[PDB]
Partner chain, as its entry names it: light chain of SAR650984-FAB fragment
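Okay, so here's just one chain, in structure tokens, the form solved without the partner chain.
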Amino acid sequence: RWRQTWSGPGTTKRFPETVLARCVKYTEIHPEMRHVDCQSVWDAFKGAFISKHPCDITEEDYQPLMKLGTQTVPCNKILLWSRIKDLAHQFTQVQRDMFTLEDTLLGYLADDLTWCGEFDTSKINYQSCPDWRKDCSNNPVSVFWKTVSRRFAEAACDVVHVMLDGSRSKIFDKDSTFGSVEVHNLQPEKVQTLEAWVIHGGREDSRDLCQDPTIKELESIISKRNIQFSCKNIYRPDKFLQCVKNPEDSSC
């Protein structure tokens, strides 16, 4: 057909198989989750969006899945990210120094996927799904990440780290999901510091991006929540990963 219902990409192909296989694999690798019944996980995941209008999804819709995907992560080793997931993943993969949301079962299940259903049919919509801007914010994908993100941020303690894309027009974007959900769900009772790592996109010699107006804004927001703020430039992400891999044996 020549025009879809919604403005965004449709459900990722073979969504049900893909999720179930991810669950099986995750629960094989991670002993803490060994027990989890993946079929129950798929049923709860399905239950959140199937037969529901995909502009009328709620955090409650995901509660059965949230319950099944309950999981402890070391609260003091959390790595958040904004618009720079790939480096965050490359980093934690070296020796599991920190944990991103994609290191949890629910994050791993949904990473890079799109999904939505239809009001009053129980079919998965493989043709289109709502775009967060053009169509609706309360869509299955966006609501999932908000709900799961909030719980992950709420669990953090001590020093929480965040990678930010220093190549972007706004290094910290107050209106990003990171800025609108994660930042505001850190618990001041538990979190001592948020430390931002500003990832330079620019070759060689660049600015102290910890001085960027948007970084000062982040610092102000965080500080006003009674959490300390720290910031570091990562000038060369390639050299950084090399140093993480081969710590100070080398020019690190």
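Residue numbers count along the first chain shown, from 1. Only the largest set of C-alpha atoms that superpose within 1.5 Å between the two forms is called the rigid core.
The higher RMS C-alpha distance to the shown form in 4 other deposited structures of this protein, out of 240-248 and 6-14, belongs to 240-248, with every structure fitted on the core.
Greater average departure of CA atoms from the shown form, over structures and residues in 4 other deposited structures of this protein after a core fit, characterises 169-177 among 169-177 and 147-155. As listed in the deposited structure, the average C-alpha B-factor of 181-189 and of 198-206 is greater for 198-206. When the two stretches 209-217 and 65-73 are set side by side, the higher mean Cα temperature factor goes to 65-73. Looking only at 241, 24, 234, 231, the residue with the top Cα B factor in the deposited structure is 24. Ranking 99, 145, 119, 81 by the C-alpha B-factor listed in the PDB entry places 119 at the top. Among the modelled residues of its chain, residue 151 has a C-alpha B-factor that falls in the lowest third according to the deposited record. Sort the chain's modelled residues by C-alpha temperature factor and residue 95 lands in the middle third, per the entry. Per the PDB record, residue ranking by Cα B-factor puts residue 227 in the lowest third of the chain. Residue-level temperature factors show residue 174 in the middle third of its chain, judged at the C-alpha atom. Per-chain ranking of the deposited C-alpha B factor places residue 137 in the middle third.
The form solved in complex with the partner chain exists for this protein as well; it is not shown, and the discussion that follows is about that form.
Interface membership of residue 157, defined by any non-hydrogen atom within 4.5 Å of the partner chain in the entry with it bound, is confirmed. In the entry with it bound, the partner chain lies farther than 4.5 Å from every heavy atom of residue 169. In the entry with it bound, the partner chain stays beyond 4.5 Å of every heavy atom belonging to residue 203. Residue 87 falls outside the set of residues with a heavy atom inside 4.5 Å of the partner chain in the entry with it bound.
Heavy atoms closer than or equal to 4.5 Å to the partner chain in the entry with it bound belong, across 33-49, to the residues 34, 35, ordered by sequence position.
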